[PDB]
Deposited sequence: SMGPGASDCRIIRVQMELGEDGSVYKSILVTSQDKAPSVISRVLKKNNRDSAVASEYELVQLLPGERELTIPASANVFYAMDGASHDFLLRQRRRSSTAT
């Protein structure tokens, strides 16, 4: 008589030699931006990242993109019509 809340979502996240195109990543209803950044960054073996340097931004269809606010709940922040994100820095 009504859907239950979802626990997790799978997202794909894409600086540097992009040997990998993307990595599938699990994000809980509880995750803030830093959690996700360090997660993907640790997958990428880039231990030295402070996590506060990087930014996770969603790419919507029609060549339109949006940056997810840091220290915010990515599960609720994302448009939910994408699933595809990317990580970038700031020299």
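So which bits of the deposited chain never got modelled?
In sequence order, the gaps with no modelled C-alpha are 1, 16-17, 95-100.
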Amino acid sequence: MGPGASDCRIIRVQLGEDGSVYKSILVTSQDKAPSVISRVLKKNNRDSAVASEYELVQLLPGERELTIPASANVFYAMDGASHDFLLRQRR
From here on, numbers count along this sequence of modelled residues.
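Can you tell me which stretch has the higher mean Cα B-factor, 43-51 or 24-32?
Mean B over CA atoms: larger for 43-51.
On average, which has the higher Cα B-factor in the deposited entry, 68-76 or 5-13?
According to the PDB entry, the answer is 68-76.
Where does the C-alpha B-factor of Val57 rank in its chain, lowest, middle or highest third?
For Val57, the deposited C-alpha B-factor lands in the lowest third.
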